[PDB]
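Working notes for the structure below.
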Amino acid sequence: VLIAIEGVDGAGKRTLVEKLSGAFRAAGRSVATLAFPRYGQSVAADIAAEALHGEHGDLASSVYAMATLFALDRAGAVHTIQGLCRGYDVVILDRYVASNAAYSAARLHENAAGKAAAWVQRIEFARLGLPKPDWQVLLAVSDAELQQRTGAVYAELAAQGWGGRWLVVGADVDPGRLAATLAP
Ligand SMILES: COc1cccc(-c2cc(-c3ccc(C(=O)O)cc3)c(C#N)c(=O)[nH]2)c1
């Protein structure tokens, strides 16, 4: 089983990744995890991070520019992901394709049924061949307007079943229970 943990920064996705890892392994499962963007390895991921800190002239001013950058990062790891799914019972991804839909829709003031979110699917899953996750787990916990709104879009994706089955959880979800829901 392949699982994206999704949510906003500061939301504490990494902690939930570690939590589920323990639980899955407690349940007798081999787990691999991997996190995006892959700063330090993907030149794309790096140029995106940099473009957001002022560098690279007018790059960050284009929503589809950034999304294309974060997409190309993930696409670069497509063979590793595919390869972890052949070697482990579970592969947990901290941020994945639905990150691009939430952050783009939010910046473009669009909703889950809109163009950005549709575009992310064509590019990342269809065109670039990234595998659809079996589950996407939104960690939804209490630029701030944009961060609120991106939070809200994520949740629109959960509600629409965008990309596949989802689950929405908060800060104190029991890991054993969530693990047993997410597993066969
Ligand atoms: C800035 O404008 C745009 C425009 C379009 C897409 C995106 C966008 C953002 C991220 C992202 C990465 C790290 C963190 C963090 O840890 O704060 C937060 C968000 C991902 C990912 N992964 C992605 O795919 N797309 C951003």
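Bear in mind these aren't lab numbers, they're just calculated from the coordinates by the rules spelled out. Here the Cβ positions follow ideal geometry from the backbone for every residue, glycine too, while neighbour counts run over all protein chains shown.
Annotation for region 153-174: no member residue is within 15 Å of the ligand (Cβ to nearest atom), loosely packed, with under 15 Cβ neighbours inside 10 Å and not polar (S, T, N, Q). Among the residues of this structure, residue 105 does not count as one that is hydrophobic (A, V, I, L, M, F, W, C) and over 21 Å from residue 151 (Cβ atoms).
Do we find a residue being β-branched (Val, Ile, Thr), closer than 19 Å to residue 8 by Cβ and part of a loop (DSSP other than H, G, I, E, B) anywhere in region 150-169? Within region 150-169, not a single residue is β-branched (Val, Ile, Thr), closer than 19 Å to residue 8 by Cβ and part of a loop (DSSP other than H, G, I, E, B). Looking only at residues of region 92-117 that are over 21 Å from residue 38 (Cβ atoms) and not in a helix (DSSP H, G or I), we find that the one that is farthest from the ligand (Cβ to nearest atom) is 113. Counting the residues of region 103-133 that are crowded, with 24+ Cβ neighbours inside 10 Å and touching a strand residue (DSSP E or B) at 6+ places or on another chain (Cβ under 7 Å) gives 1.
Give the number of residues within region 41-91 that are among the basic types (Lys, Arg) and within 15 Å of the ligand (Cβ to nearest atom). Working first, answer last.
So in region 41-91, the residues among the basic types (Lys, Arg) come out as 74, 86.
From what's left, within 15 Å of the ligand (Cβ to nearest atom): 74.
Adding up the residues that qualify gives 1.
Would you confirm whether or not region 10-19 contains a residue that is under 17 Å from the mean Cα position of the chain (by Cα), surrounded by fewer than 18 Cβ atoms within 10 Å (Cβ to Cβ) and closer than 19 Å to residue 181 by Cβ? Yes, region 10-19 has at least one match. What pairs come out if I take residues in region 108-129 that are more than 13 Å from residue 153 (Cβ to Cβ) and pair them with residues that are in a helix (DSSP H, G or I) and of a type in the set (D, E, K, R) whose C-beta lies under 8 Å away, six or more apart or interchain? Qualifying pairs under 8 Å: 124/74; 128/74.
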